[PDB]
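No Cβ is skipped: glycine too gets one built from the backbone with ideal geometry, and neighbour counts run over all protein chains shown. Taken together, the values in this text are just the output of simple stated rules run on the coordinates, not laboratory data.
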2 protein chains.
Amino acid sequence: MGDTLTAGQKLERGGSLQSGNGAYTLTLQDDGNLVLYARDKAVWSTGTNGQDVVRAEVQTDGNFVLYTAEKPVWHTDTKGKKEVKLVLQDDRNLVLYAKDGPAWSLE
Amino acid sequence: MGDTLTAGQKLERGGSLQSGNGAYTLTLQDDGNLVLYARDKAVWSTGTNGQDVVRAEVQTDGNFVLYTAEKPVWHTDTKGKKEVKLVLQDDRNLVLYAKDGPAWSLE
Ligand SMILES: CO[C@H]1O[C@H](CO)[C@@H](O)[C@H](O)[C@@H]1O
Ligand SMILES: CO[C@H]1O[C@H](CO)[C@@H](O)[C@H](O)[C@@H]1O
Ligand SMILES: CO[C@H]1O[C@H](CO)[C@@H](O)[C@H](O)[C@@H]1O
């Protein structure tokens, strides 16, 4: 745990920065907030708690930024289906075949 | 120009699938909607228009999912600054030093 992020480096969930003397810790938490702690007492934060923040990156173009991960907005909900292939057939039916057979079709 | 998305594959902004007979087109659009067309007639949609959907992936586990891209929620706003580094100091101040001095801090 060092005290510097160079252009290209990023803090991820859990990952943090420690000051030289080891008094101050800037830590990107899993709650989505980048907090600064002075001996177990939060003194500043980004105020992004309750958000899906995955990385806090010092970019090349020259700005520190916190990004949300890619959020799922629509899914067929067929987790764990083996060897899946989506096919658009000539019968105007979009189907999602699996190892056992059709897992999802709009029909 | 194809009719199949095997495990791992995805549709990317603007990309599309085409049925064997060439009557039907599934296309992830720029506006965000995954829509199936019957030559100018939208027969089926995900209703994800308006959202920042970047890919529509047939995942390895089995689940076909649409994802909205990573969105910045907090930033320092110093784009255009050259050679930047974030530093948590012993005086407690967190500073983003640029090639021409401190670009952002707490003071
Ligand atoms: C909760 O787990 C399921 O949903 C997420 C996102 O919706 C997928 O990434 C994952 O593979 C599963 O299908
Ligand atoms: C409201 O319209 C939106 O959705 C339809 C599909 O229903 C598309 O044809 C159209 O380009 C837009 O994305
Ligand atoms: C007031 O001085 C402090 O704050 C400035 C921000 O302008 C830092 O650059 C500097 O190193 C000190 O920590």
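Quick notes
- Comparing B:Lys71, B:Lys82, B:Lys41 in a Gaussian network model of chain B, where Cα atoms under 10 Å apart are tied by springs, the biggest mean-square fluctuation is seen for B:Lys82.
- Karplus (6.51, -1.76, 1.60) ³J(HN,Hα), θ = phi - 60°, over the range A:96-107, in Hz, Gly and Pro reported as x: 10, 6, 9, 5, 8, x, x, 9, 8, 8, 6, 6
- Proximal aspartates and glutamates relative to B:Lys71, as straight alpha-carbon distance under 19 Å, when same-chain residues fewer than 8 apart are discounted: A:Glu12, A:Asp30, A:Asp31, A:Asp52, A:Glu57, A:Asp61, A:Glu70, B:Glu12, B:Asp30, B:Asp31, B:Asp52, B:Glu57
- For chain B, built as a Gaussian network whose Cα springs stay under 10 Å, the top-fluctuating residue of B:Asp61, B:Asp77, B:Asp40: B:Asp77
- Largest mean-square fluctuation among B:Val58, B:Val84, B:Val73, in a Gaussian network model of chain B whose springs join Cα atoms under 10 Å apart, belongs to B:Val84.
- Relative counts (whole %) of C-alpha pair distances in the protein assembly as shown, using bins that are 5 Å wide: 1, 7, 13, 14, 13, 10, 8, 8, 9, 7, 5, 3, 1, 0, 0
- Restriction of the chymotrypsin sites (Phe, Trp or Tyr not before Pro) in the range B:40-107 to DSSP coil positions whose beta-carbon has at most 16 other beta-carbons within 10 angstrom yields no sites.
- For B:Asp100, label point 7 Å along C-beta direction: distances to other copies, nm: 6.4
- Quotient of Cα Rg and 2.2 N^0.38 Å for chain B, N being how many residues it contains: 1.71
- For the axis carrying chain A to chain B: nearest C-beta residue of A, whole Å: A:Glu70, 3
- The residue among A:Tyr37, A:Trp104, A:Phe64 whose Cα reaches farthest toward the positive pole of the charge dipole of the range A:16-107, with charges on the beta-carbon of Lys, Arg, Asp and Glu, is A:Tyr37.
- Each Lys and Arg Cβ is given +1 and each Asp and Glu Cβ -1; about its Cα centre, chain A then shows a dipole of about 200 debye.
- When the Cα positions of A:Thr27, A:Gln89, A:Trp74 are compared along the charge dipole of chain A, A:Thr27 comes out farthest toward the positive end, with charges on each C-beta of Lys, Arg, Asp and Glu.
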